[PDB]
Amino acid sequence: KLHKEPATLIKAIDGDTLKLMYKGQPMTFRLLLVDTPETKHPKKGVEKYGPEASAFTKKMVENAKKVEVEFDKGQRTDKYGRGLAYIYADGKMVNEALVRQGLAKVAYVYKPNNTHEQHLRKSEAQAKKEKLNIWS
């Protein structure tokens, strides 16, 4: 069963990337299963809704009493040494909130790291129906 472990925000870097203190180590985390528009993007620079996605993650996590990380059951770090996880701000999953607000798309999913894929997909369908942000 997946379980939550506490973490301390160091710095929000982008819509989908954060630096956290995890078990005494500063580490970069990449939000599992979501692609947000980018500000630090390799070739196009600032994509549309990039700044908004980034402000949302920043606010959500900065304003939280408690931040927790949830590892899936596959690999826990990617080729760049970033943590792969579901991030919770006061019990609320950041990855899903971004999708529900139309500020992220569900990513190409890699088994076995896909436990909350259906949940997220259901939030994505909804945001699209509501024609929010990315979907407007």
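Residues numbered from 1 in each chain as written, not as in the entry; some residues may be left out. Heavy atoms only, no water.

Method of structure determination, per the deposited record: X-ray crystallography was used for this entry, reaching 2.00 Å resolution.

Visitor: Could you give an account of the packing of aromatic side chains, naming the residues involved and the relevant values?
Guide: Applying the stated criterion to the full structure yields four aromatic pairs. Ring geometry for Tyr22 against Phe29: centres 6.0 Å apart, planes inclined by 90 degrees, an arrangement best described as edge-to-face. Each member of the pair, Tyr22 as well as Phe29, is classed as buried. Both rings, one in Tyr108 and one in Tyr110, keep their centres 5.3 Å apart while their planes meet at 70 degrees; by these two values the pair is edge-to-face. Neither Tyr108 nor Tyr110 differs from the other in exposure class; each is exposed. One aromatic cluster is present, built from ring pairs that chain together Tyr22, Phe29 and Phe71. Just above the ring of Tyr88 sits the side chain of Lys4; from NZ or CZ to the centre is 4.4 Å. The ring of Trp135 has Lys128 lying over it, and the distance from NZ or CZ to the ring centre is 5.3 Å. (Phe/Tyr/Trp six-rings, centres within 6.5 Å; stacked < 30°, edge-to-face > 60°. Buried < 20%, exposed > 50% of the residue type's maximum accessible area, 1.4 Å probe, protein only. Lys NZ or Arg CZ within 6 Å of the ring centre and 35° of its normal.)

Visitor: I'd like to hear about the pattern of salt bridges, residue by residue, with values.
Guide: Counted under the stated rule, the structure contains eight salt bridges. For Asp16, the salt bridge identified is with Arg30, shortest N-O distance 3.0 Å. Here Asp16, found in the loop between β1 (4–14) and β2 (17–22), pairs with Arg30, found in strand β3 (residues 25–31); they are 14 residues apart in sequence, far enough to count as distant. Taking the relative accessible area as the measure of exposure, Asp16 reaches 5% and is therefore buried. (Salt bridge = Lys/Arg side-chain N within 4 Å of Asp/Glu carboxyl O. Helix = DSSP H or I, 4+ residues; strand = E, 2+ residues; numbered from the N terminus.)

Visitor: Explain the nonpolar core to me, using residue names and the numbers behind them.
Guide: For soluble globular proteins, nonpolar side chains are generally found buried alongside one another. Core analysis: the biggest nonpolar cluster contains 36 residues, and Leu20, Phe29, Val69, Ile87, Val94 and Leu98 have the highest contact counts within it. In contact with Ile87, not counting residues within four places along its chain, are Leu18, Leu20, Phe29, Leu31, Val67, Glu68, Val69, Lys92, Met93, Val94 and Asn95. (Core = buried A, V, L, I, M, F, W, Y, C linked by side-chain atoms within 4.5 Å. Contact = heavy atoms within 4.5 Å.)

Visitor: Describe the UniProt feature "active site" in the protein, listing the residues and the values that go with them.
Guide: The residues that UniProt annotates with the feature "active site" are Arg30, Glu38 and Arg82. For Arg30, a relative accessible area of 16% puts it in the buried group. Setting aside residues up to four positions removed in sequence, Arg30 forms contacts with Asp16, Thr17, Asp35, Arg82, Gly83, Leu84 and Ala85. In this structure the side chain of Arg30 is engaged in a polar contact, spanning 3.0 Å, whose partner is the side chain of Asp16. (UniProt positions renumbered as here; feature names shortened; annotations may be inferred. Polar contact = N/O pair within 3.5 Å; in protein donor to acceptor, adjacent residues only side chain to side chain.)

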